[PDB]
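# Breakdown of the fold
The primary structure of each chain is shown beneath.
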Amino acid sequence: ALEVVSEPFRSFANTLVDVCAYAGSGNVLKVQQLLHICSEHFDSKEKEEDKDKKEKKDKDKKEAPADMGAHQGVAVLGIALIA
Amino acid sequence: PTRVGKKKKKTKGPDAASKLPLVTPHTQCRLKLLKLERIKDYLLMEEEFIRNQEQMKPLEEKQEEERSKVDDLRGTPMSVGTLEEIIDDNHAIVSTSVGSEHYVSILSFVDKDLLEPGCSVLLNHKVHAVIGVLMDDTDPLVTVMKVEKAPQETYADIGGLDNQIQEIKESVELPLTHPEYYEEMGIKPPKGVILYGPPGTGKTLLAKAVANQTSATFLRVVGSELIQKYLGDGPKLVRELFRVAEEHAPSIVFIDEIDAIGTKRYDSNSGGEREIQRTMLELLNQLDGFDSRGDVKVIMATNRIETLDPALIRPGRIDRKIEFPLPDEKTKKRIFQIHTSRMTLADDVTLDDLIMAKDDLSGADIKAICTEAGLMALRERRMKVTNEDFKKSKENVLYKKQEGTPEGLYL
Amino acid sequence: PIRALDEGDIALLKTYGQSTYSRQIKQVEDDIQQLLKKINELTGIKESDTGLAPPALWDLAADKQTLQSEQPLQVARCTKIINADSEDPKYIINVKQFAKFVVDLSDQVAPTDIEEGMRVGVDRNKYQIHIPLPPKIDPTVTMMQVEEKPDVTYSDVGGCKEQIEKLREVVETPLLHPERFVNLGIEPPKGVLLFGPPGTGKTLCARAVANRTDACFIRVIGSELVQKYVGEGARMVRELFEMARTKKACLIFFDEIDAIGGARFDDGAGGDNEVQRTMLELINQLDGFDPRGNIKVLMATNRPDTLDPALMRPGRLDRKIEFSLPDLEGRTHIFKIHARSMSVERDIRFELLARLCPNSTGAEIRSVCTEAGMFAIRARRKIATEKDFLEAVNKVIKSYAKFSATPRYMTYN
Amino acid sequence: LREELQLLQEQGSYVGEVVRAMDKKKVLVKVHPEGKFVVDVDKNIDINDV
Ligand SMILES: Nc1ncnc2c1ncn2[C@@H]1O[C@H](COP(=O)(O)OP(=O)(O)OP(=O)(O)O)[C@@H](O)[C@H]1O
Ligand SMILES: Nc1ncnc2c1ncn2[C@@H]1O[C@H](COP(=O)(O)OP(=O)(O)OP(=O)(O)O)[C@@H](O)[C@H]1O
Ligand SMILES: [Mg+2]
Ligand SMILES: [Mg+2]
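Criteria and thresholds
- Residues numbered from 1 in each chain as written, not as in the entry; some residues may be left out.
- Chains lettered and ligands numbered in written order.
- Part of a larger assembly, values for the part shown.
- Heavy atoms only, no water.
- Residues with missing side-chain atoms left out of burial classes, pairs and counts.
- Pairing = 2+ DSSP bridges.
- Helix = DSSP H or I, 4+ residues; strand = E, 2+ residues; numbered from the N terminus.
- Axes fitted to C-alpha atoms, helices over the stretch in contact; angles between N-to-C directions.
- Near = heavy atom within 4 Å.
- Polar contact = N/O pair within 3.5 Å; in protein donor to acceptor, adjacent residues only side chain to side chain.
- Nonpolar A, V, L, I, M, F, W, Y, C, P; charged D, E, K, R; others polar.
- Salt bridge = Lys/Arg side-chain N within 4 Å of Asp/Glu carboxyl O.
- Disulfide = S-S within 2.5 Å.
- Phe/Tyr/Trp six-rings, centres within 6.5 Å; stacked < 30°, edge-to-face > 60°.
- Buried < 20%, exposed > 50% of the residue type's maximum accessible area, 1.4 Å probe, protein only.
- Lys NZ or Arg CZ within 6 Å of the ring centre and 35° of its normal.
- Contact = heavy atoms within 4.5 Å.

cryo-EM is the method the PDB entry lists for this structure, together with a resolution of 4.1 Å.

Here it is in structure tokens:
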């Protein structure tokens, strides 16, 4: 992230190498910064790809905690986003 | 067409309980301290994310002028009416509660495609005009019978009944999870199941464990629940019961204590006896009478079975009859093992002392023995439970059933 | 001499054994169940949206026309007219719920089409007739005209070669050949009751004639005749026996007429009074003055003993078709119906199976055919063997019909 | 006393049982002898209080 210090459409790549190193564990402090920075903001068609890719990295760190967070993943992402 | 009305546009709402049924250490271990704090982490974050969701909304248009005048176009005391006929020149006829019928117009934004005589609508007071149409129209007596919570533990809770556990799974769980076996032989799964036997055996548990581990919705009916006094209020609630179950998910209906709903259909001299007998005769009609059925399963349970109406016992309505006998000297060990899970057990005891010596007693007896012996430890200032607790407990529980039958004629 | 509680001894208990994780594990479970609640009221997304159209079409109406259809538009009511008098309106009009007025015609009417017994649009202030209406049709007989084919062919009612033969004579044959009855000088019967043991095939014969009818067929829900109000159920009888006279040769099927009246008694001075008024209204529009003509009535019951002798009279119910158990040739035909569409061994015999079901119905035979495939899923097979059916007979019949005669059998061999 | 007299000179309220709530400050109430109604709430009462 300090290598590609740049404009925000190139800082789309900020969330990629952040959480690709974060395949699976319990690091819930990352999962809150996976939400709280770019949560909604209503964002009139500027960084909508980044909040999708921030949600893309919510998909992993969820598939390995052997079902402990998988029920919590389907509980949150069923209610919060599609709702 | 081929796909007319695309089947009522309707989704299903299943339960929201069973958030994480994995507390499997089952003891004061740090894992259950670690596991539950993980559940605390995700629900607090789900709180804070939706807290940020209603926070960072700078979007205001309200309704881009369209619905906002519409919400002012309709009256603020919105009333409820009933269609009688449809005069389709945007000027129809309705009926109020008293029967005052009004040549009202249709004040727009209502498609004339889901309004039928019988469907209740929304009206005004100043001009009584049709503003909207009331949906779902459930009488609030059947919505009480809609279970939202999985009450108890799964099939691993009960103490060994596996021959009859595999029976009820063939008709409820397995056809819903994996209906690929049945199309290879074209055999429809069975519909009705009777649970019968002596009291205190596990009938109510077996329904609660199914209602725990399921995917469709669940309906409970407590016996004399569909009985009223207005001579037609009885059978009318039964129609709405199966209507709600059909409109929702491919779900099951549990009607318990059906010994107060059927006895051999005899004709007699009491007039309140017939509105009893008539409601119970059209349940026969809704179950396996005309038309079809849908994917609705029915589970019924009594203590006595011979005093029932033979019209209900026949196949087509109920295809499984399941006995729940009193236990043995083998699976009874599993009853004592489960009900002594989380209690401090002294090493002096032998479980097979009370099992082998006495060979008569239900599963609900064994839960009373485990609670009484725990009360005896506090009665003499103890935490652990020894054999002397179970010596006094096996006495005190069993002295509620009479002395004996006959004397030594037989030998 | 047994007492073991004193407030100081209470403090012994809740400090001995896991003082570290007792409340530490408990309040975590406590406040998360509080947090189950606090998510739910924070969501609040119930959203019972209904009534509204797609918001891309009504935009023209709710610009000015909706405001144009508030004050000039009328909240007029509909009524009924008793009569009229000459040279003037002198119109006498009732509501049947409100009062009875005597009013004037308005300007927008033609004074010819103000015939008696006509529904008319009536003002709210001066109560003048504005718009005459088409007559009222009954809303619930439209709900029970079937307009739908249940798919059962006569080839599925096996074991009943003669009961269909009696039922073919009454229903089907005058509707297709109304000649040989007149050309010999006889009249067909007009009422057929069906009675016998349950699960024998009552509904099948009614379900199969709804397939091949080419006529008006009316299912009647039996407990709609029983209502909350006094005399309401008797009025529902009348509207059914009026519209049947309008069209020609409509079929009416009742079902379980045990419920809508079986006996007329009065000893305790009361009881099923309102049920008798609906039941006797059914009788007088069945026989009496004004015979009905071409209306055929089918009834079916399980308990035929407890019915009123006023319905047992021929002229109301003329043919007593009963259903019995198939002897052997019936059952061997029934097994070939319910087991042709399933994966079986192509060499088994069915006559051995029809032996072992001595007193059985068509419902019990189909339950054996479904259960035998369930044993094939207990094992891992995709075709049924002979012993699959032999265990299914013991599961269905022998598990409930006999328990003393099978082990202690040695009186009979 | 004058404040007590003015508040009593005021039309009474209606009692009605809530079936269940709609969305956005609307409920579903039959009074006692009439049809059902969809009405609006006041300031001090809430949807979650219903
Ligand atoms: N096989 C079993 N294993 C474990 N517990 C059992 C078993 N059978 C009964 N119980 C105990 O019995 C209680 C459940 O009662 P049960 O389900 O037998 O009621 P029921 O059969 O509906 O009785 P009734 O017919 O009198 O209403 C539970 O508290 C449970 O602890
Ligand atoms: N003669 C038969 N041939 C083939 N199948 C039959 C026969 N009789 C009954 N069945 C089967 O039994 C099932 C149930 O029969 P049905 O419910 O029509 O009997 P019923 O006499 O109408 O019962 P009830 O008297 O309770 O109304 C039917 O679905 C049908 O498949
Ligand atoms: Mg019970
Ligand atoms: Mg039938």
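### Observations concerning the sheet that holds strand β3 (residues 91-94) of chain C
Residue and element names in this part refer to chain C. The strand order across the open sheet formed by three strands is β2-β3-β4, and the pairing between neighbours is antiparallel. Bordering the open sheet on either side are β2 (80-83) and β4 (101-103), each of which pairs with just one other strand. Taken over all neighbouring pairs, the strand axes of this sheet differ in orientation by 40° on average, direction set aside. Relative to β3, β2 runs antiparallel, the two sharing three bridges. For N83, the partnering residue across the bridge sits in β3 and is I92.

### Quick look at the site of ligand 2
Taken together, 15 residues lie around ligand 2, and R314 of chain B together with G158, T200, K202 and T203 of chain C are the ones closest in. More than one chain approaches ligand 2, the contributing ones being chains B and C. Here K202 of chain C contributes a backbone N or O atom positioned 2.9 Å from an oxygen atom of ligand 2. Between ligand 2 and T203 of chain C there is a distance of 2.6 Å, counted from an oxygen atom to a side-chain nitrogen or oxygen. For the shell around ligand 2, the secondary-structure elements that each account for two or more residues are α7 (202-209), α11 (329-338) and α13 (362-378) of chain C. If you tally residues by element for the shell around ligand 2, the top one is α7 of chain C, at three residues. Classifying every residue of the shell around ligand 2 gives four nonpolar, seven polar and four charged.

### Remarks on the pattern of salt bridges
Counting across every chain of the model gives 31 salt bridges over all chains. Among the salt bridges present, the one from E247 of chain B reaches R243 of chain B, with a minimum N-O distance of 3.3 Å. Within this pair, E247 of chain B and its partner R243 of chain B are both found in helix α6 (residues 233-247), separated by four residues, close to a single helical turn. Between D287 of chain C and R313 of chain C there is a salt bridge, with the nearest N and O atoms lying 2.5 Å from each other. A residue pair is termed long-range when its members are at least 10 positions apart, and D287 of chain C in the loop between α9 (273-284) and β10 (295-300) and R313 of chain C in the loop between α10 (309-312) and β11 (319-322) qualify at 26 residues. One salt-bridge network, in which partners are shared between bridges, spans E167, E170 and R320 of chain B together with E371 and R378 of chain C.

### Here we look at the state of the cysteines
Summed over the entire model, instances satisfying the criterion amount to one disulfide over all chains. Not part of a disulfide, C160 of chain C finds its nearest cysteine sulfur in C205 of chain C, a span of 5.8 Å.

### Considering the packing of aromatic side chains
Following the criterion strictly, the structure yields five aromatic pairs over all chains and no others. Plain terms: the ring middles of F109 of chain B and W58 of chain C are 5.8 Å apart, the flat faces sit at 70° to each other, and that makes the pair edge-to-face. You can see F109 of chain B sitting in the loop between β3 (103-105) and β4 (120-123) and its partner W58 of chain C sitting in the loop between α2 (22-43) and α3 (61-68), one on each of two chains. On the basis of an interplanar angle of 75° and a centroid distance of 5.8 Å, the ring pair of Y409 of chain C and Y412 of chain C is categorised as edge-to-face. Residue classification places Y412 of chain C among the exposed residues on the basis of a relative accessible area of 64%. Directly above the ring of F290 of chain B sits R207 of chain C, whose terminal nitrogen or CZ lies 5.9 Å from the centroid.

### A look at the sheet that holds strand β8 (residues 216-219) of chain C
Residue and element names in this part refer to chain C. As summarised here, the arrangement of the five strands in space is β8-β9-β10-β7-β11, forming an open sheet in which the pairing is parallel. Lying at the two open borders of the sheet, with one neighbouring strand each, are β8 and β11. This sheet shows a mean twist of 20° between the axes of neighbouring strands, independent of strand direction. In the sheet, strand β7 (residues 191-195) pairs with β11 via four bridges, with the strands oriented parallel. Directly across from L194, in β11, lies its bridge partner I321. In this fold helix α8 (residues 232-246) packs onto β8, β9 (250-253) and β10, with an angle of close to 155° to the strand it touches most, β9.

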